[PDB]
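You are given structure tokens for the same protein chain in two forms, set apart as structure 1 and structure 2.
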Structure 1
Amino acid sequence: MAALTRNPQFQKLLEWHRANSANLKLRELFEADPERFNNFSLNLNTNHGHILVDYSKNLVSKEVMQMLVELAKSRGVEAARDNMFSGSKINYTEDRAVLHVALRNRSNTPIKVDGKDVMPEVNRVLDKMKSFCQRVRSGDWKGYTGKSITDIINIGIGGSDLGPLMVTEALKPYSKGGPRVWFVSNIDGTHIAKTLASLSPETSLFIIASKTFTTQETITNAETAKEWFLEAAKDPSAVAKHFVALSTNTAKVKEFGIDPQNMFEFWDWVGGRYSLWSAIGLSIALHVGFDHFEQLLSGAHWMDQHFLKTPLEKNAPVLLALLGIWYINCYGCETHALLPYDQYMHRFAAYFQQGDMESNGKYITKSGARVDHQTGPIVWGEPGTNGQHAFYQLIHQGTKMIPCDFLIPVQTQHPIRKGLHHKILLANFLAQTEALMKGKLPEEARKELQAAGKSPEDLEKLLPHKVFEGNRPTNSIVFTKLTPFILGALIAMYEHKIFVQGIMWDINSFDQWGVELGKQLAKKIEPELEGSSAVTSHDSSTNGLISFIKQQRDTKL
């Protein structure tokens, strides 16, 4: 088997689930224990707002939580965490440290990789970012015709795109005095084309974001941007005023036409999906200002310290991790829904699709043995209240068990109409988890049908359709306000949740070998699409699709 399934605390947990889980009913759990919310929630005081992690509406008893905490301990979570924080090369398949926590290490306590403290270089690049932010935001940095920059365009994909996009979206109210920010990511030429259409070469600065600086998508997009720019500027020396790089490839960066002084470096121990805290977050810092960027880092640092110092039984990311293990490995739930009741957070779910799924969508353990159990879930969601009208039908009355995290700020950035909108938003946030837990009993629906004037025949027919089984578990995560600091803490919380789950599964949360095959096969297909000659080199489906493409590409509609 694998490490997890061979673990006696896991075996005990699974056996307990088999014997007892049918006895777990949320309604009864709350009725039996008025201290339930008190015992199954964490009210975190960060000194910059509170984060309440309410996990009480979960299918767990005190005994289940105890078993889960014991499993985290017996899977080596505490030791593994310490190894991450100390710079051990815990990314074992690539032999790399995993040090996104160093990027936001505000305390400046030394963190060594190969005997050398990484903090000086972290802080050097942060200083460079700050200076660049002053130059651009003040208008001192001029374009090729001597005008201030009005638009920043990040070009990047995956980890070089999602974090900066999600965070600038989430922190939009903090962007007064900042340039507009645009994100180009898809190779689909629609993306860059529609972006450039609304821009002036005179006042636009491009940020080329690539860990490797070889990703075909990003480099192609970057070269398209440069071609468009040079059409107007007609001077290759002007490129240095309008293009900067987030990478380490000094030669290719210089060859591109970017001043080596405008390469913002990061390191191999910064995973792409953990990179917004590094140089990769330059578009964030430009948009909301460096002070706000530091606040974002400080919130993450607070959560790092919470994760590092707190006993597991009261440790927020650990508890979130453990509830997920319970639903994944015991109940067999494929998915995890992230439902922020916040329009600014509209890209939060998409961000953690990479963060979670690229981390823990794995099947090989540290020993090299295949897992014989589930790993990472499929992450999904849209902001409330919209989902209530879209897919909550299935959550309430479908045939899937779907753990959901509901998230909301107490204070809105836009308290319009004396707080009316936010009052309604909050009421929906609360009522939905309440309804998911409670459902609606036959006796309740029956009386409603009788009051509505339904005939005995119609009532009988309609009744089962109007009943809600309930017993659908949720987390409610509520926080004072979505400030840069609080957002930083929340992202870090999920980062550490993902880490804990990965350790427990005995997988590598920090590599991504699964992207290689698709890349290989695409490089082979690319040149074959040119010209009218038949392609016969693949399976008949791939060949047939290529044939269709060749046949249909000249058709006038």
Structure 2
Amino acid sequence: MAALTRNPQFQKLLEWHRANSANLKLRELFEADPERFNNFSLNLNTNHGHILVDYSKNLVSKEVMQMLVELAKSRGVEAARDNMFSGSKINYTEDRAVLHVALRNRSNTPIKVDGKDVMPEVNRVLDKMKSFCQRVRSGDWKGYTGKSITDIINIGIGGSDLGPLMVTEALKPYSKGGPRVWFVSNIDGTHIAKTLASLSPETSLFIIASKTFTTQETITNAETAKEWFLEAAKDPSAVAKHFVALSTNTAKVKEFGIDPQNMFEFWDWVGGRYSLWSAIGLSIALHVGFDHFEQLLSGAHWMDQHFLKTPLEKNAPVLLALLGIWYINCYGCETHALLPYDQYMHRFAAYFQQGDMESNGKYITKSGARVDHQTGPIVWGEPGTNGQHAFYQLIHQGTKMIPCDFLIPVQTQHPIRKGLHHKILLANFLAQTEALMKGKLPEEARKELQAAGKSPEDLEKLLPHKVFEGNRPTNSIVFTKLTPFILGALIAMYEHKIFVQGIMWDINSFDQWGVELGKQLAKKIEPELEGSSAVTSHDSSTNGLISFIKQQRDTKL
């Protein structure tokens, strides 16, 4: 078996769930205890706004939370956290440190890897980013025909794309005066082609974002961009005014034709899905300004310190992690929905779909054992209120239990119509979790239909369809305003939630052998697509699909 299932505190938790969970009814939990909100929420004062983590609408009692905290202690969460923060090589399959926390270590307390403090180099690259941002944003940096830069294009995929994309979308109001930012990621030629169609080579700056600098999609996209650029500029020296690199691989950057002076370095202990805090964040800093990028880092640092110093029973990422364990390993819920009531946060769910699933979508433990329990959930979601009109039907009246985190800023960036839109948005945010909790009893629906004027026949026909069973648990995460600082704190909070779950499951949150597999796969099929000859080298499906491609690719439509 595996560490979690062999753990006596987990077996106690699970046994309690089997014996007692059917008796947990949210509506009744609240009625019985007027202090429920007070005892099952955290109001965090960061001194730059508050974050309220209200976990009271969860299927938990004091005893459940106690058992969960004991399990975290039994699973050695505190020691593991400390090991991450001190630069221990906790990425054991790759023998690497895990130090995204060093990237935003505003205190500058030394963090050592291999006896050497990483902070001087972290800060050197940040200084280089700051200087570069000033030069570009001021209009001082000129293109090959002597014009200021108007457009910045990040080329990268996965960890080198989604962070910068999500954050520049979320912090859009802070981009006034900054250059337009574009993200190219897919190898699909549509992505680069449609982007380049809107650009001038004279005023576009490309950012090639790649830890390895060998990823097929990114290097191919970069080469396509360079070819397009050089067709116009016709001068290799012009590349240095228009192409920069964010990477750990100096040799491959040089090979591509980028000046080492145009290279913004990061390190092997920065996981891609944890990399927006590093040089990978350059497009963020260019778009919103370095000061706002620093505020983002500072928010993360606040949350880092919260995670590091707070007792587990009052520790926000730990509690979120433990509630997840409860739903995943005791209730068996496959999914976790992230539902931010904020259009600017429209890529937040997608970001953590990567952050969570690539981290904890694992099945081998530190001991080499195959897990005999569930690990990471499927993470999904869309911003409210749109979701209410798309898939909430299923959340309310389907056959699935779906833990949801509802997120919203108190203050809107756009208080139009004297705040009318935000009032309605807030009302829906609140009402939805209330509804999921409370439901609507047959007798309550019966009274409603009676009042609506329905005949005894029509009422009886319609009744069961109008019943909401409720008891659907949510987190509500509410924050003063979505500033760069508060966003940094929220991202870091979920990063540490993911960390805690991974430790408890005894898996490595920080490798990605499935992703590494992917990068080895396409090479075998590529040459087989060339020419008209039939391919017989694979299974009949792969073969048949190739035959279809070859048969269909010359047809005129």
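Structure 1 provides the reference sequence; residues are numbered from 1 along it. Definition used throughout: the rigid core is the maximal C-alpha set that superposes within 1.5 Å between two forms.
Following superposition on the rigid core between structure 1 and structure 2, the residue from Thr250, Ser86, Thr335, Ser74 with a C-alpha displacement of 2 angstroms or more is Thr250, and no other.
In the core-superposed comparison between structure 1 and structure 2, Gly518 has its Cα shifted by at least 2 Å. After superposition on the rigid core, the Cα atom of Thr168 is displaced by 0.1 Å between structure 1 and structure 2. Once the core of the two forms is superposed, the Cα of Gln450 has moved 1.4 Å between structure 1 and structure 2.
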